[PDB]
Amino acid sequence: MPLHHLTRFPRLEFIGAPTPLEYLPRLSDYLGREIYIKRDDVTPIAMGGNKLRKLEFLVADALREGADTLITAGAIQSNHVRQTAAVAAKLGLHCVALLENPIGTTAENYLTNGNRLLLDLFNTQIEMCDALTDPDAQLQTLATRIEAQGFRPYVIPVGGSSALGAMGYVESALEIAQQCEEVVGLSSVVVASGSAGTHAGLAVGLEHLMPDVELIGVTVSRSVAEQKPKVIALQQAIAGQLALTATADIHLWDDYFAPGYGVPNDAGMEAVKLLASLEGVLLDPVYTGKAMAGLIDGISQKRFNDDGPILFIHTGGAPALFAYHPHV
Amino acid sequence: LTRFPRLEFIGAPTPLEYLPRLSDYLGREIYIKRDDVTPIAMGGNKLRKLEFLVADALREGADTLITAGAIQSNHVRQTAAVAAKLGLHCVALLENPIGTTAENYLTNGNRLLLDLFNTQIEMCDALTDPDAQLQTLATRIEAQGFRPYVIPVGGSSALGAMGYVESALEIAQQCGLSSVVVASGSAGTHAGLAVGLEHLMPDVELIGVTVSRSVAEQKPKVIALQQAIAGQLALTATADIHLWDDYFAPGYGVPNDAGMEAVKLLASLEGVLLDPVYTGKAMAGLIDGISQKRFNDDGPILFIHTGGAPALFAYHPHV
Ligand SMILES: Cc1ncc(COP(=O)(O)O)c(CN)c1O
Ligand SMILES: Cc1ncc(COP(=O)(O)O)c(CN)c1O
């Protein structure tokens with residue numbers, strides 16, 4: 001009942017059935033704690049991920065406005081851009097992507113393989129910049145240029161993380177509550193926290209459907225001081241759009257991303273190896289390997305509220321494995 | 001069918017989807033069976049087979065899965081993922097079928113994943129007699145203390161092929177269809193669908209586009225397997241096997257221009273990722289079947305996407 005104003009928003013159907021929520025018995029045996037995984041890495045468009053859920057809402061909005069072109073921004077290996085570009089190709093929309101190299105690599109697989117390879121299969125128009133210093137302004141300037149050609153552009157913010165885009169994670173939280181019903185009593189949920197739509201939308205859903213579950217965001221690009229106001233602002237804007245209040249505190253751990261967005265680290269790589277080798281699950285060096293390194297150290301240090309089951313939200317990212325290989 | 005032990009790797013039936021943009025472009029209704037979206041380690045058709053073969057492996061108390069393929073085999077990758085998930089060791093007998101020294105083919109895409117899954121790698125100069133060579137390796141590995149179970153190439157035995165009989169049931173539930181198109185390689189996909197569709201959808205024409213062999217070399221292989229699957233299901237199987245072999249030159253594992261064009265077509269019109277070895281070749285055959293009015297009629301076509309996209313990253317920029 002409490003999430004019913006979610007109905008009001010038009011949304012396209014990109015996902016179909018709920019993604020699997022799976023027990024991880026071998027990882028659980030190794031870590032000493034019950035671990036489940038929400039498989040949003042298996043959403044069925046072009047190698048999947050979390051952004052498909054936000055795109056259901058943002059793209060329906062674009063179509064309702066008569067937009068014929070999606071414009072967005074991200075790193076060269078952005079999964080968000082790749083999902084946007086894929087959904088543009090499927091709907092016959094034009095797509096322009098503003099990309100940066102956030103790590104200064106000159107490695108050939110980073111520059112041309114992985115997600116960046118897929119952009120060319122989707123016929124994305126690619127524009128480089130030096131840095132996404134002000135992505136909102138930079139996307140605007142691009143949109144004016146593109147409007148000047150007669151296109152009708154719809155700007156998707158970095159990660160698709162607006163209140164509307166985040167409604168896809170509010171819906172995720174409904175799936176998750178239904179799938180856990182009479183199957184597992186979760187104590188904790190772990191998700192990577194980047195542009196913040198996933199964390200914020202899960203925060204609102206979970207507050208209203210599973211108030212006693214502890215949600216933990218593991219930052220992938222910023223400290224708690226810099227990330228938390230972003231997540232809170234979205235959380236409140238999402239609640240507002242749904243006529244709800246959201247009084248939960250947002251929780252963030254920032255110890256697992258150094259030395260910076262897009263830079264692999266040892267604990268990240270060891271988490272990827274652990275999940276591949278124990279569960280046949282593929283994480284990624286930028287986002288999910290770092291969030292899973294967080295979950296693991298949190299168990300080790302007793303950082304969670306209790307000893308109860310933890311659900312990891314697998315937000316996707318695997319095609320970056322092939323871009324990061326052999327090194328950047 | 002419900003008689004054979006099987007593990008649950010897939011779950012809900014995979015989507016069967018209309019492709020409206022590609023249908024618009026080609027002037028014909030095209031649908032696709034998304035077996036590329038199976039949920040383990042980037043997906044594919046082989047998981048369906050592994051549900052039966054691995055259930056059998058555990059029944060024998062095996063602790064090791066052994067299989068063979070090219071360095072970029074999807075089948076080996078999916079086998080190795082299922083091993084990891086189940087806590088079985090995995091041994092992969094690999095060959096370089098194309099003589100390349102390109103770094104991405106040698107170490108990226110499916111091969112990178114084998115390393116993530118702690119797969120034990122054995123190189124061989126050629127899979128001249130895969131069944132015999134797997135047999136020999138199984139005996140060495142046993143001699144080191146393991147209990148191996150051998151999975152044949154493509155996991156394409158009668159048992160393994162039952163997973164494709166299952167796919168046909170899903171296809172029948174999900175479906176005014178005239179044709180179905182599928183890559184035809186190690187032949188379990190083709191033969192299992194052949195048996196399933198003969199019974200469930202007898203008016204539909206099943207076309208296998210070969211990826212490694214001529215019609216002459218492939219047809220007996222598919223027929224034998226068709227008959228062996230039908231025997232074990234206590235079914236009859238009298239349908240002809242239809243193969244087009246024009247779409248794979250110059251050989252298995254070698255991309256060709258029509259295949260790369262089909263990959264680009266599906267990506268740009270529908271956001272769908274094919275692959276250079278299997279499904280881009282099979283799609284190229286589908287497209288040229290339209291070009292050459294080569295199907296029985298002008299009616300709907302279902303393409304079976306059997307997977308393979310991770311090889312995109314191995315084959316780039318070239319081999
Ligand atoms: C795999 C993956 N996981 C998580 C994230 C971070 O999600 P969010 O931007 O909603 O914080 C992203 C960002 N595109 C992602 O690609
Ligand atoms: C993506 C892909 N397509 C189709 C095939 C061919 O299927 P089969 O080997 O059962 O003929 C394979 C074989 N491993 C494959 O990996």
Side-chain angles (χ1 to χ4, degrees), chain A residues 17-27 36-44 47-48 179 275-282 314 318, chain B residues 1-2 4-15 33-60 62 64-67 69 73-90 92 110 113-114 116-117 119 149 151-152 154-157 159-171 186 188-189 192-193 196 304-310:
Chain A
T19 60
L21 191 159
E22 294 163 341
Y23 182 55
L24 297 183
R26 298 223 308 124
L27 181 67
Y36 294 79
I37 192 171
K38 172 66 164 167
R39 300 289 317 277
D40 282 2
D41 58 317
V42 80
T43 52
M47 280 173 186
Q179 298 174 295
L275 263 290
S277 74
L278 295 183
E279 293 296 344
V281 163
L282 292 171
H314 193 158
Chain B
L1 254 196
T2 43
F4 301 102
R6 71 193 265 233
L7 308 170
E8 161 110 295
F9 297 148
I10 299 165
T14 55
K33 182 49 172 164
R34 303 295 310 286
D35 279 4
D36 59 315
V37 182
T38 58
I40 303 182
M42 305 188 90
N45 57 341
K46 297 318 188 180
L47 266 13
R48 288 189 189 276
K49 316 195 161 71
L50 293 162
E51 285 192 343
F52 292 86
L53 305 150
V54 177
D56 188 50
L58 300 177
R59 200 86 174 323
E60 315 240 37
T64 299
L65 302 187
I66 303 189
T67 204
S73 168
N74 304 298
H75 168 258
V76 171
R77 180 252 303 152
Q78 282 155 272
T79 300
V82 158
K85 174 174 167 75
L86 295 180
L88 299 170
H89 289 250
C90 182
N110 294 304
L113 307 181
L114 299 191
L116 292 177
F117 302 134
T119 311
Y149 178 94
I151 291 149
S156 288
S157 60
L159 187 44
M162 293 304 157
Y164 268 90
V165 194
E166 192 87 43
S167 176
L169 271 165
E170 294 188 11
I171 295 165
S186 79
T189 309
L193 285 176
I304 310 309
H305 192 158
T306 41

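Below, each value reflects all heavy atoms present in this structure, side chains not excepted, and no hydrogens, waters or symmetry copies. Letters A, B, ... are given to chains in the order of the sequence lines, protein chains preceding strands, and every chain is numbered from 1.
Atom CD1 in A/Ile37 sits 8.5 Å away from atom CG in A/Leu27 (nearest 0.5 Å). Between the CD atom in B/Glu166 and the CZ atom in B/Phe52 there is a gap of 5.5 Å [rounded to 0.5 Å]. For the atom pair CG of B/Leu53 and CE of B/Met162, the computed distance is 10.0 Å after rounding to the nearest 0.5 Å. Taking CG from B/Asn74 and OG1 from B/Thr79, the interatomic distance works out to 10.5 Å, rounded to the nearest 0.5 Å. The line from CG of A/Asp41 to CE of B/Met42 is 9.5 Å long, rounded to the nearest 0.5 Å. In this structure, NZ in B/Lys46 is found 11.0 Å from CG in B/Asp35, a value given to the nearest 0.5 Å.
B/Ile171 is listed as a side-chain neighbour of B/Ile304, based on a closest heavy-atom distance under 4.5 Å. Residues B/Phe117 and B/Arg77 meet the side-chain proximity criterion, which asks for heavy atoms closer than 4.5 Å. When side chains are defined from C-beta on, B/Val82 does not count as touching B/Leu7, because their heavy atoms never get closer than 4.5 Å.
Nearest heavy atom pair, residue B/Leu114 against residue B/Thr119, reads O-OG1, 2.8 Å. Across B/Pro39 and B/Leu47, no two heavy atoms sit closer than the pair N-CD2, 4.2 Å. Scanning all heavy atoms of the two residues, the minimum distance from B/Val76 to B/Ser73 falls at N-OG, 2.9 Å. Closest approach of A/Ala318 and A/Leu282 over heavy atoms only: CB-CB, 4.0 Å. Of all heavy-atom pairs spanning B/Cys90 and B/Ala83, the tightest one is CB-CB, 3.6 Å. Of all the heavy atoms in B/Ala84 and A/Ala276, the pair that sits closest is CB-O, 3.3 Å.
Remark: the backbone N or O of B/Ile151 is paired with a side-chain donor or acceptor of B/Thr67 at under 3.5 angstrom. A donor-acceptor pair is defined here as one N or O able to donate and one able to accept, closer than 3.5 Å; no such pair exists between the side chain of B/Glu51 and the backbone of B/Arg6. With A/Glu279 contributing its side chain and A/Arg26 its backbone, the two residues share a donor-acceptor pair below 3.5 Å. In this structure a side-chain-to-backbone donor-acceptor pair under 3.5 Å is missing from B/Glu60 to B/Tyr149.
Between A/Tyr23 and A/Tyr36, the two ring planes are tilted [angle within 30° to 60°].
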Quiz item: Between B/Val54 and B/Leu88, is a side-chain contact (heavy atoms from CB on, under 4.5 Å) present by the stated rule, with each step listed?
Solution: CA-CA 10 Å; B/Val54 177; B/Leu88 299 170; 4.3 Å; yes
Quiz prompt | Verdict with supporting geometry, B/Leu169 and B/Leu1, side-chain contact (heavy atoms from CB on, under 4.5 Å) | solution = CA-CA 11 Å; B/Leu169 271 165; B/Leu1 254 196; 4.1 Å; yes
Practice problem: Could you check B/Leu113 against B/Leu116 for side-chain contact (heavy atoms from CB on, under 4.5 Å), going step by step and ending with a plain yes or no? | Solution: CA-CA 5 Å; B/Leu113 307 181; B/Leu116 292 177; 4.2 Å; yes
Quiz prompt | From CA spacing to verdict: side-chain contact (heavy atoms from CB on, under 4.5 Å), A/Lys38, A/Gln179 | solution = CA-CA 10 Å; A/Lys38 172 66 164 167; A/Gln179 298 174 295; 2.5 Å; yes
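For B/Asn45 and B/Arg48, the side-chain atoms include no donor-acceptor pair closer than 3.5 Å. In this model, a donor atom of one side chain and an acceptor atom of the other lie less than 3.5 Å apart for B/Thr189 and B/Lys49.
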